[PDB]
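Visitor: My questions will all concern the structure given below.
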Amino acid sequence: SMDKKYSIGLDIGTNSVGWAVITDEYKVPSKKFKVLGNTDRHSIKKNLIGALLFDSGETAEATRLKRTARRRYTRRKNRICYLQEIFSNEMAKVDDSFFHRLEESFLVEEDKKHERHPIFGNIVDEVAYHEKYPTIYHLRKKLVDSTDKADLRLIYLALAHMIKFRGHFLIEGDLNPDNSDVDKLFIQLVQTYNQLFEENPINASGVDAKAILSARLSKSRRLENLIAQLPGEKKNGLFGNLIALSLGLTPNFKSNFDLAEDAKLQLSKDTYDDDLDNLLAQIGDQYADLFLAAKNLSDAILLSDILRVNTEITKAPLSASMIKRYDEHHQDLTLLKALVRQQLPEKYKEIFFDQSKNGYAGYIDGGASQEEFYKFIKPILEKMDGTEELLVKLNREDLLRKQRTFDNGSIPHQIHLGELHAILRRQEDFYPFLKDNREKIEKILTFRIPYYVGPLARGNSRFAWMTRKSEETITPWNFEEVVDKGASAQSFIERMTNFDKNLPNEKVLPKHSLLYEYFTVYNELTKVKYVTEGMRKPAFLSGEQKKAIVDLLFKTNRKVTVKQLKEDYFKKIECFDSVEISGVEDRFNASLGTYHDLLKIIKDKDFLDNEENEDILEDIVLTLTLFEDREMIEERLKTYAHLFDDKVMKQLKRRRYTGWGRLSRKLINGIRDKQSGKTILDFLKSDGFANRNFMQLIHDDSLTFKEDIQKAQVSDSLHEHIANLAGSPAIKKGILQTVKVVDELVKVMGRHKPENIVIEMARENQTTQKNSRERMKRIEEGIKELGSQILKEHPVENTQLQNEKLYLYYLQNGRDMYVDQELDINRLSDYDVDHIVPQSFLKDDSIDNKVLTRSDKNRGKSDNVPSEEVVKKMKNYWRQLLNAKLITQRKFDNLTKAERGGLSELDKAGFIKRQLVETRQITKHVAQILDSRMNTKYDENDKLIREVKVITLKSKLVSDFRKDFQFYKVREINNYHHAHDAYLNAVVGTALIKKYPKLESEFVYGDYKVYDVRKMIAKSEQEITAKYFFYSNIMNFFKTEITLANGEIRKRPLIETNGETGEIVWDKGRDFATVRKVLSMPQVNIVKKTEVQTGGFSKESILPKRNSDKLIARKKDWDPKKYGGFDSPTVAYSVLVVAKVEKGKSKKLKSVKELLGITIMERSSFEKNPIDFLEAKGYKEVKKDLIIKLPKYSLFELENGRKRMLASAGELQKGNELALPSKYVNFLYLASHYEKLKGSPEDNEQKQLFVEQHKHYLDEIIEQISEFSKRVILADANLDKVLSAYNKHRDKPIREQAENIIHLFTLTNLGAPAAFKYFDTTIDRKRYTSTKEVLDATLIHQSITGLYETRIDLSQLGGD
Amino acid sequence: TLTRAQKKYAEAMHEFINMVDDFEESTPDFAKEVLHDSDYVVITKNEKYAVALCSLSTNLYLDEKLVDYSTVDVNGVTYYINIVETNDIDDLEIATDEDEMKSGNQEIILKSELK
RNA sequence: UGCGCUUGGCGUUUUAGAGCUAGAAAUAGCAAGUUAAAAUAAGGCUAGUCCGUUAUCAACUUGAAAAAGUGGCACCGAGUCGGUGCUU
């Protein structure tokens, strides 16, 4: 051969990139490759196919949380330092070393440089103090109340404990009823509820919420007493579950909103936040204000229950109430011990003495939670007399409570400030320096760094944007006069705006932009259809209808129901009687919330509607979204003070907003259509008979928006190029790894660019029955809408809803879809499932396109959609199902196409688009880069010369192709299929680009002549000349004989060719062989990208002290034998070390060749001075040349082709892949698919014969595995154990025997060994814990493809 | 926001309700540090503690190290949410009766976490 | 769909809150518990009320680093890649 034309295949992933090279003949070439190294092998052959594997790429966010965690702790340490500094000069007078003792509180007696008692320094004064002040709160109350001069250390402690743990800043300004009281926040709740629900208000005008909620009763009682005042609210209503949430319970919002999956929400859960976001997404942004009014109430109750004081007894409600809790804990404990001595004295020791148990000892000493604890003593209290009071406190959750606890989130820094402020005012006469710093101290507590200002850096922080006003250290006092608040904010706005993906360089609107809201309503409104009597076909809205509706319904309602639209407008305004509506269901999702919010506060309807006020109005929203901050908001509304009352103005700033949209104002209006001068939003309003939608407008190539977007994505350097594209961080790594592979391959190929690069992107997102509930949910609501008794008569269960025949039975209400016939639920095996739009026209296997009939003959004689007769007979029946949502609209239409003359050219041209064009925007970006990288030359007119055509395929075509021709895939076997998939794309892609070149525009990146598809299409079968097809399914030319919807068989020639070129595209007999050949090849290049670990030094569990020296100190001086520490430290990379070390009492140098794990923490050190580091860690006579870096997954080959991968310094992973013969592959596919075949009956039987006639392949397969494990896995005990186990079930079914044969592959799988089972029987993994063999073994360095290697025999080290 | 490990557990938690008893006492989470360090989350039903199964290195020794578990209660019976910490190589023990324990335990789910 | 800024409550760790009676001890009987300090990636220099867990990484060669370099082809096979005519 001569042919140096070649195309490349690629299957891009998050953990893999399969790649292949092919020739014009669909062959995978073969080459010898220069093998560098010190071994004797100086070249080997490799097939040009393989796949790169790699650990996923991880998000920054994880690091961010660590960063703020770190920032918080550092700036708390500074608060205290501001205190001590003020105190210190005076304190020195009173105690020389008082602060110092605190500094060293942590340390053991042996290491303290001062006296071991911290506050006072002698055991007498200390022990006294603790009997006098059992908590800090006793000290705080006394200082807050008393009129005596107090010791200056004690004043410090009190103040330092309010400052250190200073509570929340959720509430701005002084506390008052509207921000802190339980009733007010109750009112805001119902107000938020009714705003949502004008139709069904709650009125609670008489209702006394404060008292009901506040009183000391179990959460669940208070919930009943409240719903008790609200007739027409159910205890688990939407309003009832909202109070439940408010009390801290776990309500299920499932029923409340008709959800498929339940929505249990609990305010104390950390995951509540995105548990809420889970619910919100389903039910929309609108309800967020409810759950936030619930949350604030939640704070209000908890805070109400923490401060249990009558005020004015003390200026320290908090401390006084903790003391109460202390006393109460004492009382109740004493009694309890009484009641256990008396009644259950055998259990006294365990409960109060054992810290292993969940009893009191574990509660205090064993780290039990309050929750674990109650649940321990609950049975025990219940067994005893005299527990009545204790059970009440328990079930109220008020028994034996500690003062520092999970609740205190809800304690506002203002309260702390109250006590802080009091103590100063008592003492400031006894200590003038406190009079003089009173305002400084209070500032230490109350000052907060602004959200906008950010880190207070000086040019050494990548994160910070703040601008100084002077070069001096920033302190909470000088802040306003050192930091340029305005400038710093301004740089804030710029950084925290995201740009429009479609049109970057342009900021995204706030999610609550009136314009974003008008836009979003006009987009939903544009797809709505209606029928009055004599309605012709189902009509769209006029622009004038739309502009009246928004004017009447939308600018009069927060949310508009169909009923108002059906009744409020159609009957009322157009003087209709009854109007069917389609294209919306139940109610509108998008409404002008921001219009109504602004109407309430501004009470000037003309102003909102002026539409020249839009600018003023859009800046407003912009500031209330940008800023939480009260001060800034005031500064930033200053210039609309004239326009508005000081009643409204105040009320304005009290409206806040959160969230950003996907789009730019310039998107929605700024750009225009060249031909029409109509913006996007301009089209949404009036588009005529043809009523386009925003997604359409961008896609629609007849307009200037699609093209300007393309022209607008403009972005230089590489990583910047990679960085820019949207998509997950893991997929950016794969895109980057893809392009490197292409570069290596091009290099491999002589630096010739290929003819084409076929792309597809593999999907590995099989998260879960998410869909199996929805199936049931669809049926219930469906079967209820129809008022049928089917589910009663035939029991419901949603897991057997995975049998499609069973699924369609129910969706059709137990009837034939093509006849007024019942089906027999039992006898479904007999029935045929039919595709409405035949397979020949397009490949659609969706339930949407399938129906159950007693025999597919009932459909009609056609090769079309079903016959005009069936349509006219069932259309009513089908209409009922559609109104009941058992069938989709598209499905109704498809059945009823015959009515409309059946499948048109336009229909067909649509199936073609459907099949070719890749819908995911991220592959297009991947295409652009590669096209950009590959194509570099311009011609003599400055037209780009496209030497390489970069093609993107839907994954489906290949996946369909494998299924169609029996090139089956079973991931559980090995990793080759990644590479195979790439090959198969390359093949299917190039064929297609030969056979249909005019279709290039659809599937080739570039700018090409767009061709009306219809022209391609033939009007008839006999028409077949320059007509591409009469049958839509574009993959037809591969098949020899295709079946039509009516059993007829249309044949095709072995040798297809493009008619116009005459180029030869496919020999059906010859070419498939080439494919089968490629797939069964044993040598495929599987490279695990080796990686140095990065991140945390070790596990994050601070452990208690051990003799063992493994644990790692948390501060250089803190010996873990004394102070505890971290246990396991991550190894960054290992390092082969060859040196001689002392071996016995003699101290004689024995030569060693060892493997050393360099911890992430040690890396710095060892990488500055590698020998010195190694020498301090014991090795001597180290040889510098010898040392080799060995990261994770480093590859060794042992004797007999056995290979290992380095997991750590002491452990290996299996390094071999099991290329099973192709014949056993499809055997194991079919076998384990035996029942749910999803194929036509006559071959669905044909394949089952093949399995029954090849059950001797089962035994042949085990011996495949057997010889493999003996040779490489070398875990004999396990293979013995399975070898018996397959004997033990040789007579179990082939579908069961196979499906377990697939688990067994874990044993031979590449990577670390895992535990697995055959049937009941379970195999324990055999771990390769010796890295000794490797040292004398052969290393192998691989390029990305694994094609260029360097082989290093390690048994030649040990000498000179 | 949310711990990388934590999030891959919360979803793990969804799947267990997916088994479904509409149990009604809401599921508990261990401290973030325990979760990052711990390698695997397993739930064992029918009132028995999770896992601890051996691994025979190149006879058999214990492989999986436990941490805190919560006896969440379905209408009938305790379902522990046992948390399993994968074992570091040097540290290991040798099992006795336990091989019997691994065989006679039925566990509804095991989900990889760190990965 | 990323990426970013403020701030809290727990939690964990060590110390500090004189344990007593009886007994040679082994040990048993009792008392007590609710709080605080401190650290919260070791640390780093650029000394900031900054920064320290993301991306990135075969080997060998040049560079200070971005970055640049380094490995014929044809056929006939196929148990992880084998052989052979040719090129040099």
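All Cβ positions, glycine included, derive from the backbone under ideal geometry; neighbour counts span all protein chains shown. What is reported rests on the model, the rules as stated and the sources as named; no laboratory instrument gave them.
Visitor: Please pick out the residue among A:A51, A:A20 that is more than 30 Å from A:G1095 (Cα to Cα), away from RNA strand C (no atom under 11 Å from the Cβ) and surrounded by 12 or more Cβ atoms within 10 Å (Cβ to Cβ). Can you show your working first?
Guide: Working: A:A51 fails: more than 30 Å from A:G1095 (Cα to Cα).
When all the criteria are applied, what remains is A:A20.
Visitor: So which residues in segment A:35-48 are near RNA strand C (Cβ under 8 Å from one of its atoms) and farther than 30 Å from A:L992 by Cβ?
Guide: A:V35, A:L36, A:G37, A:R41, A:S43, A:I44, A:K45
Visitor: Across segment A:754-794, what is the number of residues that are of a type in the set (K, R) and crowded, with 17+ Cβ neighbours inside 10 Å?
Guide: Taking segment A:754-794 first, the residues of a type in the set (K, R) are A:763, A:770, A:773, A:775, A:777-778, A:784, A:792.
Adding the requirement that they be crowded, with 17+ Cβ neighbours inside 10 Å leaves A:773, A:775, A:778.
Counting residues in segment A:754-794 that are of a type in the set (K, R) and crowded, with 17+ Cβ neighbours inside 10 Å gives 3.
Visitor: Considering A:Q370, A:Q331, A:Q414, which residue is under 27 Å from A:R140 (Cβ atoms), within 14 Å of RNA strand C (Cβ to nearest atom) and crowded, with 17+ Cβ neighbours inside 10 Å? Even if it seems obvious, please write down each step before you answer.
Guide: Numbers: A:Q370 fails: crowded, with 17+ Cβ neighbours inside 10 Å; A:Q331 fails: crowded, with 17+ Cβ neighbours inside 10 Å.
Residue meeting the stated conditions: A:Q414.
Visitor: Here are A:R222, A:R166: which of them is basic (K, R) and within 16 Å of RNA strand C (Cβ to nearest atom)? Give the steps one after another, and end with the answer.
Guide: Values: A:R222 fails: within 16 Å of RNA strand C (Cβ to nearest atom).
One residue alone meets the criteria, A:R166.
Visitor: Please pick out the residue among A:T1338, A:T1329, A:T1345 that is within 14 Å of another protein chain (Cβ to nearest Cβ) and polar (S, T, N, Q).
Guide: Of A:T1338, A:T1329, A:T1345, the one residue that is within 14 Å of another protein chain (Cβ to nearest Cβ) and polar (S, T, N, Q) is A:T1329.
Visitor: Somewhere in segment A:304-312, is a residue in contact with a helix residue (DSSP H, G or I) (Cβ under 9 Å, 6 or more places away or on another chain), more than 12 Å from RNA strand C (Cβ to nearest atom) and part of a helix (DSSP H, G or I)?
Guide: yes
Visitor: Oh, and also: Among A:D258, A:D262, which is farther than 24 Å from A:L213 by Cβ, touching a strand residue (DSSP E or B) at 6+ places or on another chain (Cβ under 8 Å) and not assigned by TED's automatic domain parsing to the domain that holds A:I779? Show your work before the answer.
Guide: On the way: A:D258 fails: touching a strand residue (DSSP E or B) at 6+ places or on another chain (Cβ under 8 Å).
Selected residue: A:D262, the only one of A:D258, A:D262 that is farther than 24 Å from A:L213 by Cβ, touching a strand residue (DSSP E or B) at 6+ places or on another chain (Cβ under 8 Å) and not assigned by TED's automatic domain parsing to the domain that holds A:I779.
Visitor: With (1) out of contact with any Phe, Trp or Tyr (no Cβ under 9 Å at 6 or more places or on another chain); (2) part of a loop (DSSP other than H, G, I, E, B); (3) acidic (D, E) as the list, and A:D682 as the residue in question, which single condition is left unmet?
Guide: For A:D682, the failing item is (2).
Visitor: Do you know which residues across segment A:396-431 are closer than 29 Å to A:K378 by Cα and in a helix (DSSP H, G or I)?
Guide: Selection gives A:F406, A:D407, A:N408, A:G409, A:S410.
Visitor: A follow-up question, please. Please enumerate the residues belonging to segment A:442-476 that are out of contact with any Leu (no Cβ under 9 Å at 6 or more places or on another chain), more than 8 Å from RNA strand C (Cβ to nearest atom) and among the acidic types (D, E).
Guide: Across segment A:442-476, the qualifying residue is only A:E471.
Visitor: For segment A:44-68, which positions are β-branched (V, I, T) and either within 14 Å of chain B (Cβ to nearest Cβ) or in a helix (DSSP H, G or I) (or both)? Steps first, answer last, please.
Guide: Here is the first cut: in segment A:44-68, the residues β-branched (V, I, T) are A:44, A:49, A:59, A:63, A:68.
Those that are β-branched (V, I, T) and either within 14 Å of chain B (Cβ to nearest Cβ) or in a helix (DSSP H, G or I) (or both): A:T59, A:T63, A:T68.
Visitor: Follow-up question, since we're still on this one. Filter segment A:504-523 for residues that are assigned to a loop (DSSP other than H, G, I, E, B) and of a type in the set (V, I, T) and give the result. Step through it out loud before you land on a result.
Guide: Restricting attention to segment A:504-523, the residues satisfying the condition of being assigned to a loop (DSSP other than H, G, I, E, B) are A:504-506, A:508-509, A:511-513.
Matches in segment A:504-523: A:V508 only.
Visitor: Pick from A:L1190, A:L1220, A:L1195, A:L1206: which is assigned by TED's automatic domain parsing to the domain that holds A:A1315, surrounded by 14 or more Cβ atoms within 10 Å (Cβ to Cβ) and within 12 Å of RNA strand C (Cβ to nearest atom)?
Guide: On the way: A:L1190 fails: assigned by TED's automatic domain parsing to the domain that holds A:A1315; A:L1195 fails: assigned by TED's automatic domain parsing to the domain that holds A:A1315; A:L1206 fails: assigned by TED's automatic domain parsing to the domain that holds A:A1315.
The unique qualifying residue is A:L1220.
Visitor: Determine, yes or no, whether A:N225 is more than 38 Å from the chain's Cα centre (by Cα) and surrounded by fewer than 17 Cβ atoms within 10 Å (Cβ to Cβ). It would help to see each step written out before you state the result.
Guide: Numbers: more than 38 Å from the chain's Cα centre (by Cα): yes; surrounded by fewer than 17 Cβ atoms within 10 Å (Cβ to Cβ): yes.
So A:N225 passes the test.
Visitor: Return yes or no: is A:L83 part of a helix (DSSP H, G or I) and either out of contact with any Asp or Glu (no Cβ under 9 Å at 6 or more places or on another chain) or within 9 Å of RNA strand C (Cβ to nearest atom) (or both)? Explain how you work it out, then say what you get.
Guide: Values: part of a helix (DSSP H, G or I): yes; either out of contact with any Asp or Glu (no Cβ under 9 Å at 6 or more places or on another chain) or within 9 Å of RNA strand C (Cβ to nearest atom) (or both): yes.
Taking the combined requirement at face value, the residue satisfies it.
Visitor: Hey, among the residues in segment A:735-761 that are part of a loop (DSSP other than H, G, I, E, B) and within 11 Å of RNA strand C (Cβ to nearest atom), which one's nearest to the other protein chains (Cβ to nearest Cβ)? Full working, then the answer.
Guide: From segment A:735-761, those part of a loop (DSSP other than H, G, I, E, B) are A:749-755; that's our starting set.
Now drop any that are not within 11 Å of RNA strand C (Cβ to nearest atom), which leaves A:749-752.
Working: A:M749: 36, A:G750: 40, A:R751: 39, A:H752: 40 Å.
Checked segment A:735-761; the qualifying residue nearest to the other protein chains (Cβ to nearest Cβ) is A:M749.
Visitor: Only one of these is near RNA strand C (Cβ under 10 Å from one of its atoms), in a helix (DSSP H, G or I) and surrounded by fewer than 16 Cβ atoms within 10 Å (Cβ to Cβ): A:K93, A:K32, A:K77. Name it. I'd like the intermediate steps shown before the answer.
Guide: Details: A:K93 fails: near RNA strand C (Cβ under 10 Å from one of its atoms); A:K32 fails: in a helix (DSSP H, G or I).
Exactly one residue qualifies, and that residue is A:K77.
Visitor: Could you run through segment A:762-776 and say how many residues are more than 23 Å from the chain's Cα centre (by Cα) and either closer than 20 Å to A:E918 by Cβ or within 14 Å of another protein chain (Cβ to nearest Cβ) (or both)?
Guide: We begin by selecting, within segment A:762-776, every residue more than 23 Å from the chain's Cα centre (by Cα); these are A:775-776.
Filter once more, so that each one left must be either closer than 20 Å to A:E918 by Cβ or within 14 Å of another protein chain (Cβ to nearest Cβ) (or both): A:776.
Number of matching residues: 1.
Visitor: Right, here's the next one. Name the residue, out of A:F376, A:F352, that is assigned to a helix (DSSP H, G or I), of a type in the set (A, V, I, L, M, F, W, C) and within 14 Å of another protein chain (Cβ to nearest Cβ). Spell out how you get there, then give the answer.
Guide: On the way: A:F352 fails: within 14 Å of another protein chain (Cβ to nearest Cβ).
None of the others qualify; the one that does is A:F376.
Visitor: Name, by its number, the condition in (1) closer than 30 Å to A:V453 by Cβ; (2) surrounded by 15 or more Cβ atoms within 10 Å (Cβ to Cβ) that does not hold for A:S591.
Guide: (1)
Visitor: Here are some residues: A:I155, A:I136. Which one is surrounded by 18 or more Cβ atoms within 10 Å (Cβ to Cβ) and more than 8 Å from RNA strand C (Cβ to nearest atom)?
Guide: A:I155 is the lone residue from the list that is surrounded by 18 or more Cβ atoms within 10 Å (Cβ to Cβ) and more than 8 Å from RNA strand C (Cβ to nearest atom).
Visitor: Moving on to the next point. Select from segment A:1094-1118 the residues that are loosely packed, with under 15 Cβ neighbours inside 10 Å and of a type in the set (D, E) and write down the one among them that is farthest from the other protein chains (Cβ to nearest Cβ).
Guide: Among those residues, the one meeting the criterion is A:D1117.
Visitor: Hey, another quick one. Of all helices (runs of 4 or more DSSP H) completely enclosed by segment A:432-503, which ones contain at least 3 residues that are among the aliphatic types (A, V, I, L, M)? I'd like the intermediate steps shown before the answer.
Guide: On the way: elements: A:432-446, A:479-482, A:485-495.
Ranges flagged: A:432-446, A:485-495.
Visitor: Continuing with the same structure: Testing A:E1245 on (1) in a helix (DSSP H, G or I); (2) within 14 Å of chain B (Cβ to nearest Cβ), one condition comes back false. Which one is that?
Guide: Single failed check for A:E1245: (2).
Visitor: Name the residues in segment A:1057-1093 that are near RNA strand C (Cβ under 6 Å from one of its atoms) and either among the aromatic types (F, W, Y) or within 14 Å of another protein chain (Cβ to nearest Cβ) (or both), would you?
Guide: A:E1091
Visitor: Using the structure shown, decide if A:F1126 is surrounded by fewer than 18 Cβ atoms within 10 Å (Cβ to Cβ) and either within 13 Å of RNA strand C (Cβ to nearest atom) or within 23 Å of B:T86 (Cα to Cα) (or both).
Guide: Numbers: surrounded by fewer than 18 Cβ atoms within 10 Å (Cβ to Cβ): no; either within 13 Å of RNA strand C (Cβ to nearest atom) or within 23 Å of B:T86 (Cα to Cα) (or both): yes.
Considered against the rule, which asks whether it is surrounded by fewer than 18 Cβ atoms within 10 Å (Cβ to Cβ) and either within 13 Å of RNA strand C (Cβ to nearest atom) or within 23 Å of B:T86 (Cα to Cα) (or both), A:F1126 comes out as no.
Visitor: Let me ask you something else. Check whether at least one residue in segment A:1084-1094 is in contact with a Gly (Cβ under 9 Å, 6 or more places away or on another chain) and either farther than 30 Å from A:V28 by Cα or in a loop (DSSP other than H, G, I, E, B) (or both), and report yes or no.
Guide: From segment A:1084-1094, those in contact with a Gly (Cβ under 9 Å, 6 or more places away or on another chain) are A:1084-1088; that's our starting set.
When the remaining residues are screened for being either farther than 30 Å from A:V28 by Cα or in a loop (DSSP other than H, G, I, E, B) (or both), the result is A:1084.
Checked against the condition, which is being in contact with a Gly (Cβ under 9 Å, 6 or more places away or on another chain) and either farther than 30 Å from A:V28 by Cα or in a loop (DSSP other than H, G, I, E, B) (or both), segment A:1084-1094 yields at least one hit.
Visitor: Checking A:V144 against (1) surrounded by fewer than 16 Cβ atoms within 10 Å (Cβ to Cβ); (2) away from RNA strand C (no atom under 11 Å from the Cβ), only one condition comes out false. Which one?
Guide: (1)
Visitor: Determine whether segment A:272-280 contains at least one residue that is buried (at least 19 other Cβ atoms within 10 Å of the Cβ) and under 24 Å from A:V182 (Cα atoms).
Guide: Scanning segment A:272-280, I find at least one residue that is buried (at least 19 other Cβ atoms within 10 Å of the Cβ) and under 24 Å from A:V182 (Cα atoms), so the answer is yes.
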